[PDB]
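Listed next as structure tokens is one chain, alone, in the form solved without 2'-O-(sulfidophosphinato)adenosine (OVE).
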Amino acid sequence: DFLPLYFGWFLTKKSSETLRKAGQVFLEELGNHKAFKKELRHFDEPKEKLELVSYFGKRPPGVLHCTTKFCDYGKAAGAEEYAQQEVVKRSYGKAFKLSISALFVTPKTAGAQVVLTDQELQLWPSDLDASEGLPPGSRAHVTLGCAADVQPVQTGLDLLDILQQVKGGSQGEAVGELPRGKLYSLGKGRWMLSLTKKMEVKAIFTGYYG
């Protein structure tokens, strides 16, 4: 019963930094993107106008992660039954490679869409109590930034929520295109960068302690 705060894939320092500077360059480009500035109203006075690198500038520092299960040390929400899975134990501390299909921004959060492998999905838990009509692991994400009081698993709920729009074809076609991928918009600040090339990152399926 040596359970962590939460299971998940924790990117390397290298890759995590790679995802960061790419995430920040995404924030910068979309901020200066014309069409984004056209829907700047949907995202008192224009003292700062809008600088996205500062809008979610608050970002928990360290290695990024895609949380599978939140344990809280010991069975909090069936966590000890998660850790009892031979798949989880055999995978604990092992190395894995996550695939960042597409980055995204929303008025609440900003993150990355992780498309887990079948082997990586064996870990992902279907327990929690927009997910309707979307395949398993669709919640798989990596929070890259939250604007102040946006304080929960909201980048995963946003990502899934943005994936519901696309489910029905709300993508809205290429609203434009940034470097390293294509751009779309589907609602109030519901912008999405579909990376033309998957940003594959290196991570380890361990758990946090602290």
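Start at 1 and count along the sequence shown; that's the residue number. In this text, rigid core is short for the largest set of C-alphas that superpose within 1.5 Å between two forms.
Only in words, not in the display: the form deposited with 2'-O-(sulfidophosphinato)adenosine (OVE) bound, which the text now covers.
Shown without its partner, this chain lists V166, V175, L160, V153 as candidates; in the entry with it bound, only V153 has a non-hydrogen atom within 4.5 angstroms of 2'-O-(sulfidophosphinato)adenosine (OVE). Interface residue among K197, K21, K188, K13, judged by heavy atoms within 4.5 Å of 2'-O-(sulfidophosphinato)adenosine (OVE) in the entry with it bound: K188. The candidate spot formed by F2, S91 and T206 lies out of contact with 2'-O-(sulfidophosphinato)adenosine (OVE) in the entry with it bound, as no residue has a heavy atom within 4.5 Å of it. Within this chain, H65 lines the site of 2'-O-(sulfidophosphinato)adenosine (OVE) in the entry with it bound, having a heavy atom no more than 4.5 Å away. When 2'-O-(sulfidophosphinato)adenosine (OVE) is considered in the entry with it bound, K34 lies well away from it, no heavy atom lying within 4.5 Å. At the 4.5 Å threshold, heavy atoms of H42 reach 2'-O-(sulfidophosphinato)adenosine (OVE) in the entry with it bound.
Contact with 2'-O-(sulfidophosphinato)adenosine (OVE), judged by heavy atoms within 4.5 Å in the entry with it bound, is confined among 177-185, 141-149, 49-57, 26-34 to 141-149. Only one of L121, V88, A76, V115 has its Cα shifted by 2 Å or more between this form and the one not shown after fitting on the core, and that residue is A76. The Cα position of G31 differs by less than 2 Å between this form and the one not shown after fitting on the rigid core. Compared with the form shown, the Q154-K75 C-alpha separation decreases in the entry with it bound, the change being 3 Å or greater.
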